[PDB]
Every structure is written in structure tokens, then in C-alpha cells.
Amino acid sequence: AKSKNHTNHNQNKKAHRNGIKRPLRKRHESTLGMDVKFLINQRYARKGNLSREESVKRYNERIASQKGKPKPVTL
Amino acid sequence: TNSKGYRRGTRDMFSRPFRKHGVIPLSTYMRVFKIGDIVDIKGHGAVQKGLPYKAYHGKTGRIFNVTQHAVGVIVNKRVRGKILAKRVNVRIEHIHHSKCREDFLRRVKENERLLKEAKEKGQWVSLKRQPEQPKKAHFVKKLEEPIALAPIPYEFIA
Amino acid sequence: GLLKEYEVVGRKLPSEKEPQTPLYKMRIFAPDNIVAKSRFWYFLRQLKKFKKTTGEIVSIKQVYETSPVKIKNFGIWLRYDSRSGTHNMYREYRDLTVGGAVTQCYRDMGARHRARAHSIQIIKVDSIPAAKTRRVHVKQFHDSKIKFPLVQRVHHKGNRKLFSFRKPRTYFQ
Amino acid sequence: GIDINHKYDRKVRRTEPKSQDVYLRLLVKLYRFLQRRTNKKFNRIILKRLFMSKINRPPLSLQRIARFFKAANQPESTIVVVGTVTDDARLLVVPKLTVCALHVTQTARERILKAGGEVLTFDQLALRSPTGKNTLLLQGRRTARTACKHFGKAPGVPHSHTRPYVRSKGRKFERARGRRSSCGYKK
Amino acid sequence: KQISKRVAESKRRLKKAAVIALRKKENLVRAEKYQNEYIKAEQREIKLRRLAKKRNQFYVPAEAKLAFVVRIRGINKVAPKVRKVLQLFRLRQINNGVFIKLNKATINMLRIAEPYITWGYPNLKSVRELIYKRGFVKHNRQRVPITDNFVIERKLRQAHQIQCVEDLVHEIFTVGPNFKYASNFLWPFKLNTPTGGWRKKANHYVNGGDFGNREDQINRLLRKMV
RNA sequence: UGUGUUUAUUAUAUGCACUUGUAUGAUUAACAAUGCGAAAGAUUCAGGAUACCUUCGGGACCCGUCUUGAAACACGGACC
RNA sequence: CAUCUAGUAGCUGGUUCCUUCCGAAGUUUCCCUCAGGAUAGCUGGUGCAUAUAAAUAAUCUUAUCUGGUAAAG
RNA sequence: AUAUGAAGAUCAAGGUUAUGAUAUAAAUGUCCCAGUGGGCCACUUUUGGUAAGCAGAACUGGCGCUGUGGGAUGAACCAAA
RNA sequence: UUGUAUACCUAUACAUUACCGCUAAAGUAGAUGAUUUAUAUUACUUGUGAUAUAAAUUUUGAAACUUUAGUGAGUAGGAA
């Protein structure tokens, strides 16, 4: 009249049928609940890549015009 | 009929070790945690802020986030029977670096050092791990003090 | 089965910190050589460290009694597990082979002491001469000239004739 | 005794249309011959898509067909739609296109023809391209259905956004406790 | 055009039986090399043992690769970690035999799956009789008997170098670099039942007989099952 | 690998015509005996729980039901 | 007595053709809920995306982290 | 104080895809689809109870839902579906 | 009763085979002188090919035929 509550009997038979299920492996996992000042114009560190090879290997000698920044970055 | 609530059963989980009490050593805050790094969770009982709840102690995740004091780690919990990947904001004192993969990464460092000087020989580069093969044929010499040296099965009487 | 004897030799396979481990050997009585290489390991785990997997079996070879038609008394130093009970015994049997006396001991312990055979460790097995045996049921046979009239035969059942016409007659003359 | 043969041992594809249209099953007669005898996966896509339902063969616009046809190095290809091709009134100039579809809509027929290009059936395509050379194989967007937005609802997660089933629009219709932070909670 | 069809399909017929007659000639010179390997191997071990006795040493012969593993019990009342080793060994029925390499990663599967299984170390004669008499093969998921060398050659000669039966007997017996393919090409050997039957089936071999490593007495039991 | 010393063994070099010699490309195929499917209707051989009856050995509890569990000393059901 | 009235029943009882294929559950949370739901799990149906590797996914070996039970005290 | 960080976006250079064994085809949606939501037995570990064919749990295997062989007999044992 | 030995008996299990289903895979669709097969004239290679004259099989409820493999417990329940 108060019969039989609580068992983990059958509960792993019943949970291994459609199996025990890894989530799946993504190349693009979400950026949400992530540090928003890390993200909010690193949105614009992407949007500042108007070009990346034509006008950009111009820059390797455009800053080697001033011989780079080879010394003073060492602090 | 409890688990319920939040630090229950963690009398031995968030205990300290024996004579490892007191002040936290200072390199615990000097470790660098970049996004996508494998990271174990073993919680610190002497830091009562940012402790993970007890399911995640002993587990292993990857750092998905860095903020000023903590790392978001993405950890797998089996909630039966299926695996959700849980996002747990956990402070830095409760978080360690996994050694598991930096002795895989010292084999990528040798699957290119040994394939480098194999441009001269050619083969076998032998870039796969082999399980423990059965042994060989080998000539055990005695000489060594010739045998017998003979056991017999006897220890009871007392 | 019938329990012939072997010499199983074992090593502890030498990790390079230790060269040339000391090589212990045995006298194992066993039905076949697959069971003599888990009687070696059972008996050596009492005596030295190195189990399997962490040891090797060097040569297991069978030993062929060195006088199969000479007739000799075998003393067996045993120890067994009774129901309340680790004991020692010294039993004596009379045979020609030495694996045939050990197997005449594994039945006798089963008969007389109920001793299912996983309980019996054998210490030693010898070929004691005579006037060193004690065991009165073996000293019966240590006298030329022994007689004993027979009463023992076969009495087929049913037979080459089940309903016989002529009465077997256990006796004659 | 052996092990162990639940599913989907029996695969749950289609092997035939569910369709008693005789003009459609005459194209299945061609394309089983065409797939088996030219083993192009073009002809196996046409066959397998000729079996499909009204969902899984969504329509495709006259403006989405004119705009997939800015594929470079393809000035002479055929637009293949195992499905229908609808008119778009948001497309002011129809280009000169070759369209193979099961149903081309009527007003899409004239705007293709007054340009003027080709409407073809899948047997006028089997003769022109038995291996599907010079073809733009295009389908419609499957989950553009309204029914797909209702799959499926259980609040708690910030993914959800999944469209409850509800008779009218307005307040008084599922907008208070669970929708609104000043009524219970927000979902 | 049919005026060119006898032109084409009579050199495609002449070349076809020039291949088959070519591969009849390889498989005699191939299998003669293999059969001489086994004779030298056996006379080596006889030579080595007889040397180490005279040199007052021991000669520990090589620990064995090639288990042959038979499923002897049941599909009822089986535990999930031992049910899972028996699907990774392709042992899903009583008297199913497969060929297994003996690395440490699989011995600890042969110890998990021990009371449902017997194994041991096959002869050359037992490798042949199981592939000759009982050897079936897997052709696009179907089970195809042998009946000729074209069932083995058509699936393992472009990738691997197996065209004969004695090829498939070679890289299974002497465990070769394409052993993974030489034994997954086979179906599991649907063996008979022994003649004289069994010993106990639920004691170890070393107790009083059956399951686990029989180790050289897998040969005597394959005479009853093949 | 190399080359000879060598002594052994396999393979290829069997074309044309014919024939009751393998896979018959899950082979079962032959010699011989019995017996003729009579114009209408016999007979020979093999088979047959047709609804039974006879005989014998093995098997065999009464169904529906709710139940953890029914042949139940659970309930229902005499028969159409 | 007749009607409303075929009142309601989380309860007992019964629920009518064959073969083929796949095959459960007695657990979760919540409920004036404990002979009952709704919920998730387990099931089936129906598809669809990928058929003349280096795609991955599941019991062992290896690497690493975790653990305070047996034993020990 | 670095438009060397750190994330990102590109070009360069990298033998043999980096244990084993397997692939019952696996992936993903929808009907949130039916029944179910009294269970019961057993080894092992367990709590209450003097005990119980009693009460309560962990683990895996079973009966329910299942014939057949064995234990004379029998839900569950042994074997085998 | 305890310890053993051989030799037998016994399942719906296992192996082979015949047959049913289910599953999964594969083949086949020039009929107009289309495809073959056996002969019978010529270009020529020795031999094959082509023209010609001598008998058939094929309009596969394309939802049909043909080929190969595995497989088979079932209440509640679902589906053909």
C-alpha cells in the first residue's frame, strides 16, 4: 500500500540503447557567455582585414621603411 | 534521502592534504591559461570563492574563456544516459594544467624529427605506436652457478 | 589423468637495471604441460616475488622415469587442507614409475580424506629403499618369499551369455 | 543464436514514388535506365529526387534561378529543378535561361520565354544531357516552411526561439507568465 | 558497332586467359617460396635448441603471435564488458572462430572475455584446413565461399599483395604486415561442434578443461571442428 | 645481392579435326526389373488424420482475465 | 412514477480476421499527487543527408588527472 | 608605452595520418508517436529487524514478455533462446 | 560416498543441405530485317571479319523477371 519507490534498476540498460552519446565535435563552438570586451571590436579586428595579402605585403616594407619596430618593443 | 545541497559529501573532496595547509604558493596565480587549453579540476577548499560544484572535481575540460580571475572551462558530465558539455566558470586556484597531451605533443615533435632524417634512409620511418609485442626467441644462458636452486612448496606450521 | 613429472624453470625477465636473474627450477606433477605452467606459478608465488606477467617460463621438459621396470617404494611428503585443517602427511606407495606413485597418492587422499586435489601441495617424492620405509601396508611386500593365493576375476555382465547355462563357480577343485 | 538485428537493418528510404501520376513514373522508367546504364550521380540524384514528397521538393524562385546563374564559366548551362519554379515579381529583368523543371509555373513560363530561353521537361533533358553535362542542379530551401519554425519548444535555453502553436495574435494570447519578467519569469 | 565487337571481345578474351595463365604460374612459384620458408623455420628451431643444449644454455623459443579464438558459450546471461569484446572479435555465435594477433592490447581483451572463449596457437596445418575447408570471404558485405583464387585476388591484389590462397595462409600464419586485412577479409569460421565433444565448458582449461588458453591443444580441437 | 662452382626440382615452348572423360558453371546422372494410361469401364505402383473408426508409443492441466506470479481452493463461462 | 438522463466514474468487466516485421515499461521531476496524470526516458512509424578515407563512432593498450572504500593504523 | 602581446585573417614549409580490434550502415529530423510509470528473482555489497518465502537500497544478469534440454516436480537455477 | 578412466545417450544449440519468408545488395530492357547459335560464299593471315542463303528464344502485370548473401523468440504496443 506503500509499495516500492526509488530504483536505478534497468536504468543503464535503458540508457545504453540509443547509446551513451558523446555530444559532437565542432569546428565552430559558440562565443556567448564569453568575455565581451575580448569580443566586441575583435569583431573589428576581423573587420579591419579589408585586404590580407595585396595591400599587406606592401606593409612589410612600408614599416621596414622605418626599419621596423626592432628595438623599442622590449620593455 | 539527501544529496542536496551544494557542498555535501565534500568533507573529503575539499579537504586539504596533510600538512599542505595554510598559505597558497604563489605560482598558482602565475600560470597562463589561453583559450582552448586542456585543464583538470581539483578544487581548493581554502579558496571558498569560485569553487566548482562537486560533480566536476576530478574531471577535465578545455578552457573556452579567460576573464580577470577565472577561466570558463567546458567539461563533460554524463547526465544519464547522454553527455552534455557543461560550461563552468571556475577560479584559477581550482584549475590545473593537464599533462595528458604534452606527452602526445612530444611525439608530434618526434614524428617530424624522425621523418626529417628519414629523407636519407627512407623506411621504416615507424611513426605509429606499437603495443607490447610478445617477446622474442632468446638464449638465456645460465653460468650462473648451475641450477637447483630448486624451490619446493612449504610454509604452514605455526 | 595420469600425472607425469616436469622441470619448469623460471626467471623474472630482466629489466636492464638487473642483468641475469637467478633461475629457479621445480619438480611439477601435472596431467599436461599447460597445467604445469600454472603449478609453477602457484608454487613460486609462495617462494619468490615475480608473478606472471612479470616473469618468464624458461624450459619445461618432461622426465621420463629412469628405471621403469625396477620396483621401488615411493615416499611422498605432502601437505593438504582439510576442513579445519592444514596438515602434513608422509605417505608411502609402491610402484615402478614416480608419476605413477604421485597419481596413486592423489586418489588415496581423495578416498581416505576427501581432499579434492586443489588442496594438496607435494613437498618431496623419493625412492626410499627398504628398512627406511615405515608404513606397514608397504612393508607387507618387503619379504621374499611372498605367497598369497588369489581370489580375483572379471565375471562379465551380462556376458557373452546373459542367461547362462553353466554357473560361473568361483572356486574350482 | 547470433546478434542482434533491430534497425535500421531495414532502411527507410523510398524506392518508388508514392505517386500514381503516370507522367511521373514514366520519368522513373527513364532514370532507372539512365542511372543504371550511365552511372552518373547526376542521374541518381534526379531519380532519388523524383521519388520525393511535396516537402523535400520545395519551390524555387525565378529570381533565385536567375541568380544562381551567375556561376562563372557557365554561360550555356541548364537549370535543373526537380520541383517547381515560381515567378518572382521582385525581379525586373529575366535573363536568358534554360530551365528544366517538373512544374514550371505559368507566369514563370512566359517570363522565361519572352527573354527568351528554354523550359524543358526531364525527357527533353535526358536527350540533351544524358549525363547531366551543362547543368545547374538546384533545389529549394527545405526548411523555409512555416512548420519548421515550430520544431521544437521547451523554454529554458537561450537557443529556443521556436514558435508556439496559438490560435490568435495579440495580448491575451500566451504573453504573460513565462514571456514576461513581471509575470513569473522570462523563459 | 557489332562489326567491331568480335574485334574487341576476342583480344579481351585472349588477354584474359593470358592473365589467368600468368597468375597460375606465379602462384606455383609464389607458394613454393612460402612453403620453403616454413621448412627452414622449423629446422632452425630444431638447430637452435640443439645448439643451446651443447652450449650449456637455454633456448627460450618465441612467444606466440596468432591466437585462434573460438566462441564456446552462449548468447544469454552475458555481461556488457564481455559482450563487447565478443563483438570486437567478431564472435557472435557458438563455434565461431577468428584469427587474432597477440599484442598486449588484445590479450587483455582475451582475459576480459575468458570464460566464453577458448584460444591457443595454431599449426600451419590448422591454418590451411580452416581456410581450405571452412574459409569463406567477405565480398561487399556478403559471404562468398572460396571456390577459386579469383575471390581472394579480386579484392586484395591492387591494395595488398594477396592473390592465392597460400598468400592468405602466408600473411596469417607468419603474421605479416597486411594481417589486418588478411583476417578481416575472412568471415568468422563457422565451425562444426567437436567429435567427442567437450570437457566442461565452464572451468578453465587448466582446471579440468575448456575455456581460456589451451595453447597447443587448440590444434587437436580443430581436427574435430574442421 | 653477385657470380661461377655445381648438383637436384618445377614451369613455359601441345597446333588442327574428332570423342558417351571437370565446373554441368547449388551437377546426379546411368544399367536393369515390375507395371501396357482398355472404344464405355480393370489393373500395377506410390501417396493421402478426407470426418472418423481400430491399434500402439511419446507428448499433453482450462480457457478468458487482473496480476511480480493462474491449472489454481482468484473472478467469469451448462449448451447453441 | 416519469423526465432532466445515454447524469458522472482516476474504478471493475468486456472489446470481434490471418500472416509478416520491429519490440517496451514499472524510472525522473512535478501535482490535495500515493488504484491517477503531465513530464523526460524506453518504442514504433516515416523519412532525409552521406551504394557499377585522414568519415567517424564504441570495449582494451599507452599517457595523464581524479578518488579515501577494502586493507593498514 | 609593443598598432613582438592575445585572438583573428593570409601566404609559406612539412614521406608513410600517427595504439589495437570493430564496423551490427552510421548521421539527423519529425509524428513529442504508442504502451508504460504495482514490478519481481539471484550472485556480490548493504541498512533496518530476533527472524522471516520480511522491509529498504547499489551492481550486473534474469523472469515479466519465452518455448525447448537438464534439476522427478517448479517464473527466476544449469544449458540454450 | 570421494578421486579418476574410456565408451556411449541426449536439445528447438552448432555444422551442412532442401524449402518459406524477411532483410540487404546486384543485374536486364536498340524487336526496323534488335540480339544470338549452327551451317552454307568471299576479302584473305595461318585465321578471323563482312555480304548472302538454311530453325528457333525473347512485347519479363518496367508493381516484372533474373542473381547473390544473411537472417527468424515475443506480451503491452506500433506498422505493412
# chains A, B, ... in the order shown; residues from 1 in each chain; ligands from 1
>>> closest_atom_pairs(of="chain B", to="chain G", cutoff="7 Å", atoms="only C-alpha atoms (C1' of nucleotides)", output="Markdown table")
| residue | atom | partner | partner_atom | distance |
| --- | --- | --- | --- | --- |
| B:40 | CA | G:65 | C1' | 6.6 |
| B:58 | CA | G:66 | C1' | 4.1 |
| B:59 | CA | G:66 | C1' | 6.9 |
| B:98 | CA | G:65 | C1' | 7.0 |
| B:99 | CA | G:64 | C1' | 5.4 |
| B:100 | CA | G:64 | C1' | 3.9 |
| B:103 | CA | G:63 | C1' | 6.5 |
| B:131 | CA | G:61 | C1' | 6.1 |
>>> interface_residues(of="chain F", to="chain E", cutoff="12 Å", atoms="only C-alpha atoms (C1' of nucleotides)", output="list in words")
residues 9, 10, 11, 12, 23 and 25 of chain F
>>> closest_residue(among="I:65, I:34, I:50, I:24", to="residue D:11", atoms="only C-alpha atoms (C1' of nucleotides)")
I:24
>>> closest_atom_pairs(of="chain G", to="chain A", cutoff="9 Å", atoms="only C-alpha atoms (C1' of nucleotides)", output="JSON lines")
{"residue": "G:27", "atom": "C1'", "partner": "A:7", "partner_atom": "CA", "distance": 7.0}
{"residue": "G:34", "atom": "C1'", "partner": "A:2", "partner_atom": "CA", "distance": 7.5}
{"residue": "G:41", "atom": "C1'", "partner": "A:14", "partner_atom": "CA", "distance": 7.6}
{"residue": "G:42", "atom": "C1'", "partner": "A:14", "partner_atom": "CA", "distance": 5.9}
>>> interface_residues(of="chain C", to="chain I", cutoff="6 Å", atoms="only C-alpha atoms (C1' of nucleotides)", output="list in words")
residues 107, 110, 111 and 114 of chain C
>>> select_by_dssp(residues="stretch 33-180 of chain E", states="alpha helix (DSSP H)", output="PyMOL selection string")
chain E and resi 33-54+80-88+104-110+124-132+150-156+165-173+179-180
>>> closest_atom_pairs(of="chain E", to="chain B", cutoff="8 Å", atoms="only C-alpha atoms", output="CSV")
residue,atom,partner,partner_atom,distance
E:52,CA,B:139,CA,7.3
E:56,CA,B:141,CA,7.3
E:57,CA,B:141,CA,4.3
E:58,CA,B:140,CA,5.1
E:59,CA,B:139,CA,4.6
E:60,CA,B:138,CA,5.4
E:61,CA,B:137,CA,4.5
E:62,CA,B:137,CA,4.0
E:63,CA,B:134,CA,5.3
E:64,CA,B:134,CA,6.4
E:65,CA,B:134,CA,7.0
E:102,CA,B:134,CA,7.0
E:103,CA,B:133,CA,4.8
E:104,CA,B:132,CA,5.1
E:105,CA,B:131,CA,6.2
>>> interface_residues(of="chain H", to="chain E", cutoff="6 Å", atoms="only C-alpha atoms (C1' of nucleotides)", output="number ranges by chain")
H: 20-22, 61
>>> residues_around(residues="residue C:13", least_positions_apart="2", cutoff="12 Å", atoms="only C-alpha atoms (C1' of nucleotides)", output="PyMOL selection string")
(chain B and resi 135-136+138+140) or (chain C and resi 10-11+15-23+50-58) or (chain E and resi 60)
>>> residues_around(residues="residue F:66", least_positions_apart="5", cutoff="12 Å", atoms="only C-alpha atoms (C1' of nucleotides)", output="number ranges by chain")
F: 74-75; G: 12-13; H: 38
>>> write_last_selection(atoms="N, CA and C atoms (P, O5', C5', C4', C3', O3' and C1' of nucleotides)", output="PDB file, in the first residue's frame")
ATOM      1  P     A F  74      -7.870 -19.510  -4.525  1.00  0.00           P
ATOM      2  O5'   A F  74      -9.150 -18.603  -4.652  1.00  0.00           O
ATOM      3  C5'   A F  74      -9.885 -18.419  -5.841  1.00  0.00           C
ATOM      4  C4'   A F  74     -10.044 -16.956  -6.093  1.00  0.00           C
ATOM      5  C3'   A F  74     -11.031 -16.527  -7.151  1.00  0.00           C
ATOM      6  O3'   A F  74     -12.311 -16.260  -6.626  1.00  0.00           O
ATOM      7  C1'   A F  74      -8.912 -15.638  -7.637  1.00  0.00           C
ATOM      8  P     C F  75     -13.576 -17.145  -6.995  1.00  0.00           P
ATOM      9  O5'   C F  75     -14.358 -16.260  -8.008  1.00  0.00           O
ATOM     10  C5'   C F  75     -14.748 -14.954  -7.662  1.00  0.00           C
ATOM     11  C4'   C F  75     -14.773 -14.090  -8.892  1.00  0.00           C
ATOM     12  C3'   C F  75     -15.568 -14.663 -10.011  1.00  0.00           C
ATOM     13  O3'   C F  75     -16.925 -14.365  -9.905  1.00  0.00           O
ATOM     14  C1'   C F  75     -13.479 -13.954 -10.819  1.00  0.00           C
TER      15        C F  75
ATOM     16  P     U G  12      -9.465  -1.364 -11.284  1.00  0.00           P
ATOM     17  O5'   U G  12     -10.471  -2.469 -11.733  1.00  0.00           O
ATOM     18  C5'   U G  12     -10.990  -3.384 -10.809  1.00  0.00           C
ATOM     19  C4'   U G  12     -12.340  -3.912 -11.223  1.00  0.00           C
ATOM     20  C3'   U G  12     -12.502  -4.696 -12.493  1.00  0.00           C
ATOM     21  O3'   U G  12     -11.901  -5.965 -12.432  1.00  0.00           O
ATOM     22  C1'   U G  12     -14.395  -3.408 -12.105  1.00  0.00           C
ATOM     23  P     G G  13     -11.335  -6.684 -13.729  1.00  0.00           P
ATOM     24  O5'   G G  13     -12.567  -6.791 -14.697  1.00  0.00           O
ATOM     25  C5'   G G  13     -13.473  -7.871 -14.613  1.00  0.00           C
ATOM     26  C4'   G G  13     -14.618  -7.709 -15.556  1.00  0.00           C
ATOM     27  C3'   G G  13     -14.317  -7.816 -17.029  1.00  0.00           C
ATOM     28  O3'   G G  13     -14.082  -9.112 -17.501  1.00  0.00           O
ATOM     29  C1'   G G  13     -15.767  -6.041 -16.666  1.00  0.00           C
TER      30        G G  13
ATOM     31  P     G H  38       4.063   2.916 -10.521  1.00  0.00           P
ATOM     32  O5'   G H  38       4.036   1.416 -10.997  1.00  0.00           O
ATOM     33  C5'   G H  38       2.973   0.581 -10.634  1.00  0.00           C
ATOM     34  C4'   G H  38       3.314  -0.187  -9.404  1.00  0.00           C
ATOM     35  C3'   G H  38       4.297  -1.301  -9.583  1.00  0.00           C
ATOM     36  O3'   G H  38       4.966  -1.478  -8.355  1.00  0.00           O
ATOM     37  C1'   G H  38       2.249  -2.165  -8.870  1.00  0.00           C
TER      38        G H  38
END
>>> residues_around(residues="residue C:40", least_positions_apart="5", cutoff="8 Å", atoms="only C-alpha atoms (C1' of nucleotides)", output="tab-separated table (two decimals) with N, CA and C atoms, in the first residue's frame")
chain	number	residue	atom	x	y	z
C	8	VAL	N	59.99	-27.30	-14.58
C	8	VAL	CA	59.67	-25.98	-15.07
C	8	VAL	C	60.68	-25.01	-14.49
C	26	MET	N	62.02	-26.54	-10.62
C	26	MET	CA	60.96	-27.22	-9.88
C	26	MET	C	60.96	-28.71	-10.17
C	28	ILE	N	57.34	-30.48	-10.98
C	28	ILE	CA	55.89	-30.30	-11.02
C	28	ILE	C	55.26	-31.59	-11.48
>>> residues_around(residues="stretch 42-44 of chain B", least_positions_apart="4", cutoff="8 Å", atoms="only C-alpha atoms (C1' of nucleotides)", output="PyMOL selection string")
(chain B and resi 13-16+48+51-52+57-59+93-96) or (chain G and resi 66)
>>> closest_residue(among="E:144, E:158, E:194, E:83", to="chain G", atoms="only C-alpha atoms (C1' of nucleotides)")
E:83
>>> interface_residues(of="chain E", to="chain I", cutoff="12 Å", atoms="only C-alpha atoms (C1' of nucleotides)", output="MDAnalysis selection string")
chainID E and resid 1:8 10:11 71:76 93:96 134 136:145 187 189:197 208 224:226
>>> residues_around(residues="residue B:88", least_positions_apart="2", cutoff="8 Å", atoms="only C-alpha atoms (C1' of nucleotides)", output="ChimeraX atom specification")
/B:52,72-75,86,90
>>> write_last_selection(atoms="N, CA and C atoms", output="compact mmCIF listing (two decimals), in the first residue's frame")
# COMPACT_ATOMS: atom_id res chain seq x y z
N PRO B 52 34.18 24.92 -7.95
CA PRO B 52 33.24 24.17 -8.77
C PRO B 52 32.36 23.30 -7.90
N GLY B 72 36.50 30.15 -17.85
CA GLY B 72 35.44 29.26 -18.29
C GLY B 72 36.06 28.00 -18.86
N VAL B 73 35.72 26.85 -18.30
CA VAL B 73 36.17 25.55 -18.76
C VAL B 73 34.95 24.80 -19.25
N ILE B 74 35.05 24.11 -20.38
CA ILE B 74 33.92 23.33 -20.87
C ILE B 74 34.17 21.85 -20.61
N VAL B 75 33.37 21.28 -19.71
CA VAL B 75 33.57 19.96 -19.10
C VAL B 75 32.39 19.08 -19.49
N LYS B 86 29.29 20.78 -20.21
CA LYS B 86 28.89 21.83 -19.28
C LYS B 86 29.93 22.94 -19.28
N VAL B 90 35.15 28.81 -13.43
CA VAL B 90 35.86 28.31 -12.26
C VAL B 90 37.11 29.15 -12.06
>>> decode(residues="chain A", atoms="C-alpha atoms", output="PDB file, in the first residue's frame")
ATOM      1  CA  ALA A   1       0.000   0.000   0.000  1.00  0.00           C
ATOM      2  CA  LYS A   2       3.179   1.991   0.226  1.00  0.00           C
ATOM      3  CA  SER A   3       4.867  -0.151  -2.254  1.00  0.00           C
ATOM      4  CA  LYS A   4       8.336   0.383  -3.749  1.00  0.00           C
ATOM      5  CA  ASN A   5       9.815   3.704  -4.698  1.00  0.00           C
ATOM      6  CA  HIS A   6      13.323   4.621  -5.947  1.00  0.00           C
ATOM      7  CA  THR A   7      15.367   2.172  -8.009  1.00  0.00           C
ATOM      8  CA  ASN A   8      18.161   2.524 -10.535  1.00  0.00           C
ATOM      9  CA  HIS A   9      17.271  -0.865 -11.897  1.00  0.00           C
ATOM     10  CA  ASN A  10      17.135  -1.107 -15.696  1.00  0.00           C
ATOM     11  CA  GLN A  11      18.353   2.481 -15.874  1.00  0.00           C
ATOM     12  CA  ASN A  12      21.597   1.747 -17.710  1.00  0.00           C
ATOM     13  CA  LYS A  13      20.094  -0.944 -19.932  1.00  0.00           C
ATOM     14  CA  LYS A  14      17.509   1.674 -20.835  1.00  0.00           C
ATOM     15  CA  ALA A  15      20.170   4.378 -21.285  1.00  0.00           C
ATOM     16  CA  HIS A  16      22.584   2.391 -23.380  1.00  0.00           C
ATOM     17  CA  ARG A  17      20.136   1.514 -26.115  1.00  0.00           C
ATOM     18  CA  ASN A  18      20.114   4.753 -28.046  1.00  0.00           C
ATOM     19  CA  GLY A  19      23.612   4.986 -26.764  1.00  0.00           C
ATOM     20  CA  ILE A  20      25.593   6.911 -24.209  1.00  0.00           C
ATOM     21  CA  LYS A  21      26.156   9.578 -26.706  1.00  0.00           C
ATOM     22  CA  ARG A  22      29.125  11.985 -26.874  1.00  0.00           C
ATOM     23  CA  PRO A  23      27.844  15.473 -27.865  1.00  0.00           C
ATOM     24  CA  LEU A  24      29.623  16.080 -31.246  1.00  0.00           C
ATOM     25  CA  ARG A  25      32.893  17.772 -32.206  1.00  0.00           C
ATOM     26  CA  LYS A  26      32.533  21.272 -33.675  1.00  0.00           C
ATOM     27  CA  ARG A  27      34.964  23.472 -35.545  1.00  0.00           C
ATOM     28  CA  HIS A  28      32.837  26.468 -34.511  1.00  0.00           C
ATOM     29  CA  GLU A  29      31.838  26.496 -30.854  1.00  0.00           C
ATOM     30  CA  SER A  30      29.906  29.455 -29.611  1.00  0.00           C
ATOM     31  CA  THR A  31      31.202  32.758 -28.301  1.00  0.00           C
ATOM     32  CA  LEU A  32      28.441  33.594 -25.847  1.00  0.00           C
ATOM     33  CA  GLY A  33      28.932  33.912 -22.156  1.00  0.00           C
ATOM     34  CA  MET A  34      32.431  34.853 -23.230  1.00  0.00           C
ATOM     35  CA  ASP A  35      34.377  37.974 -22.301  1.00  0.00           C
ATOM     36  CA  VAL A  36      32.572  40.748 -24.137  1.00  0.00           C
ATOM     37  CA  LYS A  37      35.430  43.255 -24.248  1.00  0.00           C
ATOM     38  CA  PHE A  38      37.556  40.499 -25.722  1.00  0.00           C
ATOM     39  CA  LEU A  39      34.948  40.144 -28.449  1.00  0.00           C
ATOM     40  CA  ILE A  40      33.365  43.450 -29.267  1.00  0.00           C
ATOM     41  CA  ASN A  41      35.973  45.014 -31.623  1.00  0.00           C
ATOM     42  CA  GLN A  42      37.841  41.810 -32.165  1.00  0.00           C
ATOM     43  CA  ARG A  43      34.695  41.846 -34.209  1.00  0.00           C
ATOM     44  CA  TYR A  44      36.581  44.794 -35.709  1.00  0.00           C
ATOM     45  CA  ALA A  45      39.929  43.034 -35.667  1.00  0.00           C
ATOM     46  CA  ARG A  46      38.225  40.960 -38.351  1.00  0.00           C
ATOM     47  CA  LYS A  47      36.577  43.983 -39.990  1.00  0.00           C
ATOM     48  CA  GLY A  48      39.976  45.648 -40.268  1.00  0.00           C
ATOM     49  CA  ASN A  49      41.157  42.908 -42.638  1.00  0.00           C
ATOM     50  CA  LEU A  50      39.861  44.716 -45.747  1.00  0.00           C
ATOM     51  CA  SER A  51      42.767  43.007 -47.525  1.00  0.00           C
ATOM     52  CA  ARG A  52      45.305  40.491 -46.329  1.00  0.00           C
ATOM     53  CA  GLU A  53      47.945  39.855 -48.974  1.00  0.00           C
ATOM     54  CA  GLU A  54      47.949  42.508 -51.721  1.00  0.00           C
ATOM     55  CA  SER A  55      47.996  45.649 -49.606  1.00  0.00           C
ATOM     56  CA  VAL A  56      49.591  43.784 -46.696  1.00  0.00           C
ATOM     57  CA  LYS A  57      52.909  42.567 -48.008  1.00  0.00           C
ATOM     58  CA  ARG A  58      53.239  46.170 -49.057  1.00  0.00           C
ATOM     59  CA  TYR A  59      53.289  46.826 -45.303  1.00  0.00           C
ATOM     60  CA  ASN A  60      56.264  44.544 -44.595  1.00  0.00           C
ATOM     61  CA  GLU A  61      58.487  47.061 -46.385  1.00  0.00           C
ATOM     62  CA  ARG A  62      56.269  50.033 -45.536  1.00  0.00           C
ATOM     63  CA  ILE A  63      57.269  49.543 -41.909  1.00  0.00           C
ATOM     64  CA  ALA A  64      60.752  48.403 -42.924  1.00  0.00           C
ATOM     65  CA  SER A  65      60.975  51.905 -44.379  1.00  0.00           C
ATOM     66  CA  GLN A  66      61.476  52.875 -40.733  1.00  0.00           C
ATOM     67  CA  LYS A  67      63.456  49.616 -40.246  1.00  0.00           C
ATOM     68  CA  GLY A  68      60.529  48.015 -38.397  1.00  0.00           C
ATOM     69  CA  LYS A  69      59.995  48.145 -34.647  1.00  0.00           C
ATOM     70  CA  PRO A  70      63.036  46.017 -33.776  1.00  0.00           C
ATOM     71  CA  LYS A  71      64.470  47.702 -30.629  1.00  0.00           C
ATOM     72  CA  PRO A  72      61.900  49.642 -28.603  1.00  0.00           C
ATOM     73  CA  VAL A  73      59.314  46.889 -28.043  1.00  0.00           C
ATOM     74  CA  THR A  74      61.481  45.271 -25.377  1.00  0.00           C
ATOM     75  CA  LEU A  75      60.131  46.871 -22.216  1.00  0.00           C
TER      76      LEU A  75
END
